[PDB]
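These notes are about the structure you will find just below.
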Ligand SMILES: Cc1cc2nc3c(=O)[nH]c(=O)nc-3n(C[C@H](O)[C@H](O)[C@H](O)COP(=O)(O)O)c2cc1C
């Protein structure tokens with residue numbers, strides 16, 4: 001089983017290649033990491049295993065889900081440290097995913113009920129609905145297109161949150177530039193209608209994610225910075241006319257950043273939608289073009305993950321919904337043991353146990 005051959009993820013010696021994909025669970029009440037988060041991540045941590053936390057707020061204006069943890073205040077850092085210490089006690093490497101939703105928010109989630117920010121004024125169409133704090137579904141409002149000065153301020157929010165995660169003991173951070181959120185709102189030409197230096201060409205649409213990466217790389221180091229993108233996923237009306245060209249453009253900037261910094265990034269993380277061969281060739285092209293560690297994600301199983309590593313399609317494989325319902329998913333993949341079903345009803349609920357930590361072990 002190649003999924004259990006060790007891998008050198010920079011200065012992090014990993015014992016296996018099963019990664020916990022970042023998953024918003026909405027158990028961090030009032031954006032404060034709770035003790036239930038420590039138990040949730042401890043159940044899934046393994047010796048030498050790699051975990052990526054749920055999307056974490058970088059600023060009071062970055063949330064678009066209820067009870068998502070933050071890392072922009074000191075109480076959040078203090079509460080995050082207790083969870084990191086528990087995860088590190090099991091011998092696992094843990095990265096904190098920095099998350100800004102952009103236009104994928106609502107007045108209820110914004111300070112003073114203000115409008116969400118984005119690269120544009122286009123709202124998410126009435127097809128997609130946002131989960132409300134009371135369990136209902138609301139309407140995505142019209143966002144506020146930000147100028148370049150506010151862009152540099154959001155970049156600073158990433159840089160401060162990256163340092164805060166290191167203060168909390170995190171081994172590194174992951175930039176969430178996928179799934180149609182703030183960074184993806186600057187990347188996809190189906191959203192980015194800007195006429196300034198941040199819109200138009202591939203280079204201008206890549207300027208935001210580039211500036212975000214260099215800021216956190218120069219703050220904490222390249223080997224502790226992961227990047228996640230999804231050029232072929234049209235979540236929240238985030239479509240591009242040429243996803244492969246967009247992905248190759250991002251890979252080109254990431255390679256240039258590693259050259260100027262004299263060090264390689266932690267990894268490149270790409271999620272794919274579920275033609276299978278065309279989607280596989282897209283993932284293979286991005287992997288071949290990026291000089292560094294590649295993590296594949298999106299509908300991966302035990303059989304599909306083994307072949308991804310065996311054929312050289314990826315260095316690490318991250319699992320999502322299967323890790324929700326299988327706390328010992330790494331052990332189940334090793335033994336080829338049957339997997340537990342997950343309940344989509346308790347994906348975003350607030351109970352610290354029900355649908356969170358009560359999924360049974362083997
Ligand atoms: C409940 C839930 C929450 C998620 N939250 C996040 C998130 O916060 N950030 C992110 O980048 N991806 C998030 N995702 C996407 C997962 O990473 C996704 O499950 C993974 O990319 C591959 O899906 P699979 O392994 O379940 O097939 C989430 C997915 C689910 C189902």
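None of the figures in this text is laboratory data; all of them are computed from the coordinates on show. Heads up, the Cβs are rebuilt from the backbone with ideal geometry, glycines too, and the neighbour counts pull from every protein chain shown.
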Flag if residue 87 is away from the ligand (no atom under 15 Å from the Cβ), in a helix (DSSP H, G or I) and within 19 Å of residue 158 (Cα to Cα): no
Of residues in the range 17-51 being away from the ligand (no atom under 16 Å from the Cβ) and assigned to a loop (DSSP other than H, G, I, E, B), the one nearest to residue 179 (Cα to Cα): 32
Filter result for residue 91 (surrounded by fewer than 24 Cβ atoms within 10 Å (Cβ to Cβ) and farther than 30 Å from residue 151 by Cβ): yes
Residue that is nearest to the ligand (Cβ to nearest atom) [pool: residues in the range 159-206 that are within 17 Å of residue 93 (Cα to Cα) and under 16 Å from the mean Cα position of the chain (by Cα)]: 174
Candidate set: the range 225-237, residues that are away from the ligand (no atom under 13 Å from the Cβ) and buried (at least 20 other Cβ atoms within 10 Å of the Cβ); chosen: the one nearest to residue 130 (Cα to Cα): 231
Subset of the range 66-84 that is within 15 Å of the ligand (Cβ to nearest atom) and within 23 Å of residue 49 (Cβ to Cβ) - its residue that is surrounded by the most Cβ atoms within 10 Å (Cβ to Cβ): 71
Matching residues, the range 90-109, being away from the ligand (no atom under 16 Å from the Cβ) and either closer than 24 Å to residue 235 by Cα or in a helix (DSSP H, G or I) (or both): 103, 106, 107, 108
Count of residues meeting criterion [more than 29 Å from residue 285 (Cβ to Cβ) and buried (at least 19 other Cβ atoms within 10 Å of the Cβ)] in the range 311-329: 4
